[PDB]
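Chemist: Quick one: this structure, given as structure tokens, is what I'll be asking you about.
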Amino acid sequence: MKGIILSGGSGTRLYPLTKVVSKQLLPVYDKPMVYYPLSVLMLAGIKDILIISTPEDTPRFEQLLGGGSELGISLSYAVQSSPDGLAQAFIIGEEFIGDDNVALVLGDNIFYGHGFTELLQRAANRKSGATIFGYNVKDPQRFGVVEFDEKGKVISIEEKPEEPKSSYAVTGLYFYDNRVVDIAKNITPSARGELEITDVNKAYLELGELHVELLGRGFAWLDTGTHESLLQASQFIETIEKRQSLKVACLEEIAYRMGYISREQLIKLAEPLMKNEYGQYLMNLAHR
Ligand SMILES: Cc1cn([C@H]2C[C@H](O)[C@@H](CO)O2)c(=O)[nH]c1=O
Ligand SMILES: Cc1cn([C@H]2C[C@H](O)[C@@H](CO)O2)c(=O)[nH]c1=O
């Protein structure tokens with residue numbers, strides 16, 4: 001499976017932080033926001049990843065993250081000239097995707113919890129259908145909403161219903177079989193002017209192969225939508241990391257733990273960063 005991080009948008013809520021740059025370049029505590037969703041694809045076992053952003057921000061992501069080789073993966077880049085909807089990732093990424101299965105994650109989504117990598121790996125290893133991930137939120141009318149039965153099978157999915165059928169939002173992480181490319185090419189803009197991911201998921205529902213993984217209350221799916229929520233996300237990460245000796249979404253660590261790079265390669269990554277706490281963390285991991 002390949003992966004895509006959709007990381008543009010004409011985001012304005014966070015002005016003036018985003019006066020120049022896209023939100024996914026902003027810090028969440030001690031690392032750029034984009035590291036979080038990238039870490040999720042990597043933990044899923046996904047090693048070939050396309051990052052899509054605006055004309056002006058795509059080169060900024062490439063300067064930050066590089067070509068992937070340091071992390072034992074492959075990062076590629078494409079431009080979305082206008083934020084015409086999430087489903088457009090699969091049209092921009094047509095050539096990249098080829099005949100393969102593909103996961104999409106949003107560049108501003110942050111997931112965290114015990115047992116999450118088991119779920120990710122399961123979704124990435126599926127050879128047919130789609131997997132979406134549902135999460136209980138306070139104001140579900142503001143999200144895509146997945147309705148399911150007592151056995152956890154999807155009954156419906158609706159984009160920002162005025163009368164939500166459940167309390168479960170459909171989060172910004174999606175795993176698809178290769179049918180997603182032609183599905184994306186066949187749906188039409190909503191009233192919003194957007195090629196809606198909810199429409200892609202409706203198509204998989206109708207095909208009888210939309211699977212939902214319900215993330216319980218022991219998971220965090222953090223809001224980076226406002227200044228207030230960005231700050232709460234930062235504090236959440238700080239708290240988890242301060243207590244343990246352990247980082248959330250440290251890319252070099254994940255590359256080593258996943259077998260993408262060797263202990264030898266991790267040491268070489270740590271060496272030039274030994275003046276800062278981040279390099280020292282990588283070196284400790286190498287030793288231990
Ligand atoms: C509609 C749209 C949103 N986005 C981003 C902005 C937000 O971070 C997220 C959901 O709006 O997706 C894109 O990158 N491209 C798009 O076309
Ligand atoms: C092993 C490991 C897990 N994680 C995340 C995935 C889950 O959200 C949580 C528990 O495994 O920690 C990382 O961020 N980095 C890691 O190196």
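FYI, nothing fancy with the structure tokens labels: chains A, B, ... in order, residues from 1 per chain, ligands from 1 as they appear.
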Hey, which residues sit close to ligand 2? Say within 9 Å, counting only C-alpha atoms and all ligand atoms, and write them as a list in words.
Modeler: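 Counting only what the definition allows, namely only C-alpha atoms and all ligand atoms, the set is residues 36, 39, 40, 43, 110, 111, 112, 113, 114, 115, 116, 117, 118, 219, 220, 246, 247, 248, 249, 250, 251, 252, 253, 254, 255, 256, 257 and 258 of chain A.
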Chemist: If we count only C-alpha atoms and set the cut-off at 9 Å, which residues sit around region 190-204 of chain A, ignoring sequence neighbours fewer than 2 positions away in its own chain? Please answer as a count of residues only.
Modeler: 27
Chemist: What residues have any atom no more than 10 Å from ligand 1 when counting only C-alpha atoms and all ligand atoms, and can you list them as a VMD selection string?
Modeler: chain A and resid 5 to 12 22 to 24 51 to 54 79 to 89 105 to 109 172 192 to 197 224 to 225
Chemist: Give the answer as one residue: which of A:91, A:222, A:30, A:231 has the shortest atom-to-atom distance to residue 276 (chain A), using only C-alpha atoms?
Modeler: A:30
Chemist: Return the single residue from A:151, A:138, A:243, A:275 that is closest to residue 223 (chain A), with distances computed using only C-alpha atoms.
Modeler: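 Of the candidates, the smallest distance to residue 223 (chain A) is held by A:138.
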Chemist: At what distance in Å, to one decimal, does CA of residue 119 (chain A) lie from CA of residue 25 (chain A)?
Modeler: 26.8 Å
Chemist: For the strand (DSSP E or B) assignment from backbone DSSP, which residues of region 53-271 of chain A qualify? Please present them as a ChimeraX atom specification.
Modeler: /A:53,74-79,102-106,110-112,130-136,144-148,154-159,168-176,210-215,220-222
Chemist: Save out the residues we just selected, N, CA and C atoms, as a short mmCIF file (atom, residue, chain, number, x, y, z; two decimals), in the first residue's frame.
Modeler:
```
data_model
loop_
_atom_site.label_atom_id
_atom_site.label_comp_id
_atom_site.auth_asym_id
_atom_site.auth_seq_id
_atom_site.Cartn_x
_atom_site.Cartn_y
_atom_site.Cartn_z
N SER A 53 0.50 19.52 -1.33
CA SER A 53 0.17 20.78 -0.70
C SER A 53 -0.04 21.88 -1.74
N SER A 74 10.30 6.47 1.03
CA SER A 74 10.29 7.33 -0.14
C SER A 74 9.19 8.39 -0.02
N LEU A 75 9.61 9.65 -0.03
CA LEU A 75 8.67 10.79 -0.04
C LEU A 75 8.74 11.46 -1.41
N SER A 76 7.55 11.66 -1.98
CA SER A 76 7.35 12.36 -3.24
C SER A 76 6.40 13.51 -2.99
N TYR A 77 6.36 14.45 -3.94
CA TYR A 77 5.61 15.69 -3.75
C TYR A 77 4.77 16.06 -4.97
N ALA A 78 3.55 16.52 -4.73
CA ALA A 78 2.72 17.06 -5.81
C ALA A 78 1.92 18.28 -5.35
N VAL A 79 1.53 19.11 -6.30
CA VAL A 79 0.86 20.37 -5.97
C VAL A 79 -0.61 20.26 -6.24
N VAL A 102 -4.13 2.39 -1.46
CA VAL A 102 -3.59 3.69 -1.02
C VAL A 102 -4.34 4.18 0.20
N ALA A 103 -3.57 4.67 1.18
CA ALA A 103 -4.14 5.31 2.36
C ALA A 103 -4.02 6.83 2.20
N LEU A 104 -5.02 7.56 2.70
CA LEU A 104 -4.98 9.01 2.73
C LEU A 104 -5.07 9.44 4.18
N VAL A 105 -4.17 10.33 4.57
CA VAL A 105 -4.29 11.02 5.85
C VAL A 105 -4.17 12.52 5.63
N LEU A 106 -4.91 13.26 6.42
CA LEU A 106 -4.79 14.70 6.41
C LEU A 106 -3.53 15.15 7.20
N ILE A 110 -3.99 14.35 14.23
CA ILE A 110 -3.06 13.78 15.24
C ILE A 110 -3.82 12.69 16.02
N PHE A 111 -3.38 11.42 15.86
CA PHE A 111 -4.02 10.28 16.50
C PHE A 111 -2.98 9.76 17.54
N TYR A 112 -3.47 9.26 18.67
CA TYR A 112 -2.53 8.73 19.67
C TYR A 112 -3.27 7.75 20.54
N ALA A 130 -12.54 -0.58 1.91
CA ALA A 130 -11.96 0.59 2.59
C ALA A 130 -12.08 0.46 4.10
N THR A 131 -11.19 1.12 4.81
CA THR A 131 -11.37 1.28 6.26
C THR A 131 -11.38 2.75 6.61
N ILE A 132 -12.37 3.15 7.41
CA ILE A 132 -12.42 4.51 7.96
C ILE A 132 -12.31 4.36 9.48
N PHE A 133 -12.09 5.46 10.17
CA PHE A 133 -11.87 5.36 11.61
C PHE A 133 -12.82 6.37 12.28
N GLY A 134 -13.70 5.87 13.13
CA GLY A 134 -14.73 6.71 13.77
C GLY A 134 -14.32 7.09 15.20
N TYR A 135 -14.76 8.25 15.66
CA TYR A 135 -14.30 8.73 16.96
C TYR A 135 -15.43 9.56 17.60
N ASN A 136 -15.70 9.33 18.88
CA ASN A 136 -16.83 10.00 19.50
C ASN A 136 -16.47 11.46 19.73
N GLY A 144 -18.01 14.63 9.08
CA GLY A 144 -18.65 13.45 8.49
C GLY A 144 -19.02 12.51 9.64
N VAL A 145 -20.19 11.89 9.54
CA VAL A 145 -20.74 11.11 10.67
C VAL A 145 -21.05 9.70 10.19
N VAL A 146 -20.54 8.69 10.91
CA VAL A 146 -20.77 7.30 10.58
C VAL A 146 -21.75 6.69 11.57
N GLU A 147 -22.85 6.16 11.04
CA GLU A 147 -23.86 5.42 11.80
C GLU A 147 -23.60 3.93 11.64
N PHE A 148 -23.61 3.20 12.75
CA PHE A 148 -23.30 1.78 12.71
C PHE A 148 -24.27 1.01 13.60
N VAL A 154 -21.43 -0.58 9.20
CA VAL A 154 -21.90 0.75 8.80
C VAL A 154 -23.28 0.66 8.19
N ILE A 155 -24.17 1.54 8.63
CA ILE A 155 -25.49 1.70 8.04
C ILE A 155 -25.52 2.94 7.16
N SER A 156 -24.91 4.03 7.63
CA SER A 156 -24.90 5.26 6.82
C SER A 156 -23.68 6.10 7.11
N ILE A 157 -23.41 7.03 6.21
CA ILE A 157 -22.42 8.05 6.46
C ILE A 157 -22.78 9.37 5.76
N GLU A 158 -22.74 10.46 6.53
CA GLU A 158 -23.35 11.70 6.09
C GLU A 158 -22.42 12.85 6.37
N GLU A 159 -22.28 13.76 5.40
CA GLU A 159 -21.39 14.90 5.60
C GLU A 159 -22.09 16.05 6.34
N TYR A 168 -20.36 9.66 16.31
CA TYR A 168 -19.06 9.26 15.76
C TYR A 168 -18.69 9.97 14.48
N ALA A 169 -17.67 10.84 14.58
CA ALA A 169 -17.10 11.52 13.44
C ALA A 169 -16.21 10.60 12.65
N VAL A 170 -16.20 10.80 11.34
CA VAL A 170 -15.26 10.07 10.51
C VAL A 170 -13.93 10.86 10.45
N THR A 171 -12.89 10.34 11.10
CA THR A 171 -11.63 11.06 11.16
C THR A 171 -10.87 11.15 9.83
N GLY A 172 -9.84 11.99 9.81
CA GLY A 172 -9.03 12.21 8.58
C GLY A 172 -8.04 11.13 8.25
N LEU A 173 -8.42 9.84 8.37
CA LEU A 173 -7.51 8.76 8.02
C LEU A 173 -8.31 7.69 7.32
N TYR A 174 -7.90 7.34 6.09
CA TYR A 174 -8.73 6.46 5.23
C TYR A 174 -7.82 5.47 4.53
N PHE A 175 -8.22 4.18 4.47
CA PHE A 175 -7.43 3.21 3.72
C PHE A 175 -8.31 2.65 2.57
N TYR A 176 -7.76 2.60 1.36
CA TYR A 176 -8.59 2.23 0.21
C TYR A 176 -7.91 1.19 -0.65
N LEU A 210 -17.23 -1.13 3.09
CA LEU A 210 -16.74 -0.04 3.92
C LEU A 210 -16.71 -0.51 5.35
N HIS A 211 -15.51 -0.63 5.91
CA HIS A 211 -15.30 -1.16 7.26
C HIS A 211 -14.97 0.03 8.13
N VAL A 212 -15.55 0.09 9.33
CA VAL A 212 -15.21 1.17 10.30
C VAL A 212 -14.46 0.58 11.52
N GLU A 213 -13.36 1.23 11.90
CA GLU A 213 -12.66 0.90 13.13
C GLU A 213 -13.05 1.97 14.10
N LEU A 214 -13.77 1.61 15.15
CA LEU A 214 -14.27 2.60 16.11
C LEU A 214 -13.19 2.81 17.14
N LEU A 215 -12.68 4.04 17.21
CA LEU A 215 -11.68 4.39 18.20
C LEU A 215 -12.35 4.83 19.52
N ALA A 220 -6.80 9.45 21.62
CA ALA A 220 -6.88 10.88 21.37
C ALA A 220 -6.92 11.12 19.85
N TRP A 221 -7.83 11.95 19.39
CA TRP A 221 -7.79 12.41 18.00
C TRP A 221 -7.89 13.93 18.10
N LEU A 222 -6.76 14.63 17.94
CA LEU A 222 -6.65 15.99 18.52
C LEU A 222 -7.05 17.03 17.51
#
```
Chemist: Could you check which of A:71, A:124, A:26, A:20 is closest to residue 2 (chain A), using only C-alpha atoms?
Modeler: A:124
Chemist: Within 8 Å of residue 72 (chain A), counting only C-alpha atoms, which residues show up once you throw out same-chain ones fewer than 4 positions away? Write them as number ranges by chain, please.
Modeler: A: 47, 68, 255, 260-261
Chemist: Compare A:97, A:1, A:33, A:28 by their minimum atom-to-atom distance to residue 127 (chain A), counting only C-alpha atoms, and give me the closest one.
Modeler: A:1
Chemist: Nearest to residue 96 (chain A): which of A:42, A:65, A:48, A:282 is it, counting only C-alpha atoms?
Modeler: A:48
Chemist: Where does DSSP see alpha helix (DSSP H) in region 157-203 of chain A, if you list the residues as a list in words?
Modeler: residues 180, 181, 182, 183, 184, 185, 186, 197, 198, 199, 200, 201, 202 and 203 of chain A
Chemist: Pick out the closest residue to residue 267 (chain A) from this set: A:185, A:70, A:226, A:166. Count only C-alpha atoms.
Modeler: A:70
